[PDB]
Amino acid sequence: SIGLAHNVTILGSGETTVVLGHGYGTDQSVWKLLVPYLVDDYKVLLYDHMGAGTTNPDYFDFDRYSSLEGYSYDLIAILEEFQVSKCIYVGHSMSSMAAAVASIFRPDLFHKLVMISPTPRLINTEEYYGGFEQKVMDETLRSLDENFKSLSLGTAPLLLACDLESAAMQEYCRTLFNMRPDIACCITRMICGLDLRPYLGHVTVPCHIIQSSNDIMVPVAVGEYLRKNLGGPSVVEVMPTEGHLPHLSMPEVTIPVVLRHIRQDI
């Protein structure tokens, strides 16, 4: 069953459903501290996207999840299996961009998107600054299979902006290494090879863009690029945080920001 495969959890009660989507390297447990502040006022649906260590590797289709739409379609199927419509989608990074792509196909299913650290593209052009020159990426992406443990341990402190003893880093690494490595390399390649710029103008759902002020994956200019190129209403809030996963590494600052954007409409 769709619910089984994605470990779907539904909590709370409310006319509106808030749908929580974890990013790369984590699972739905990443929202442990946001969830108690939602249950009294909303229904909350949590799910694990395919390829997470909590999910069965034998439902991972390498061809399907080599493109982000594969996740968008899963999301559509899940929202349909549980009779959710015009939901509040809260997603971190890739998951927020996959929900945006899902909103293109079925805008009836989303009332607003809340995007924590989103980016439409990592690799620079002469046009657009995403934070990574192409041949740095090409060097990591062709080495990545040999690299994966050493590369993840080495960049995790800079990615999270956390120390090695931090609980956040240990927990991120714990879930990160519960993925089968071939699966993890597939998702990584897909994330790095992303160019969603042709589709931003076709997103029409309201978008709340929540970013870290210091995120090595997401230059602060990317948040404003999204706002000026999205087809519908949007708002950008740059938090005084560090790290690509501020909901995990600095929940004390991030959680009230996420809550305010969940609860207040553009």
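Between two forms, the rigid core is defined as the largest C-alpha subset superposing within 1.5 Å. Don't overthink the numbering: it's just position in the shown sequence, from 1.
- After superposition on the rigid core, the larger root-mean-square Cα deviation in 7 other deposited structures of this protein belongs to 137 to 145, not to the other of 137 to 145 and 105 to 113.
- Set 140 to 148 against 127 to 135 and average the Cα temperature factors; 140 to 148 ends up higher.
- Between the stretches 78 to 86 and 181 to 189, it is 78 to 86 that shows the larger average CA temperature factor.
- Comparing the listed residues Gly201, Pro206, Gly223, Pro57, the entry records the largest Cα B-factor for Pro57.
- Per the PDB record, residue ranking by Cα B-factor puts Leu158 in the middle third of the chain.
- In this PDB entry, the Cα temperature factor of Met250 sits in the bottom third of its chain's modelled residues, the lowest group.
- Sorting the modelled residues of the chain by their CA temperature factor places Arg64 in the highest third.
- When the CA B factors of the chain's modelled residues are split into thirds, the value for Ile2 lands in the highest one.
- Among all modelled residues in this chain, the alpha-carbon of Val114 has a temperature factor (C-alpha) in the lowest third.
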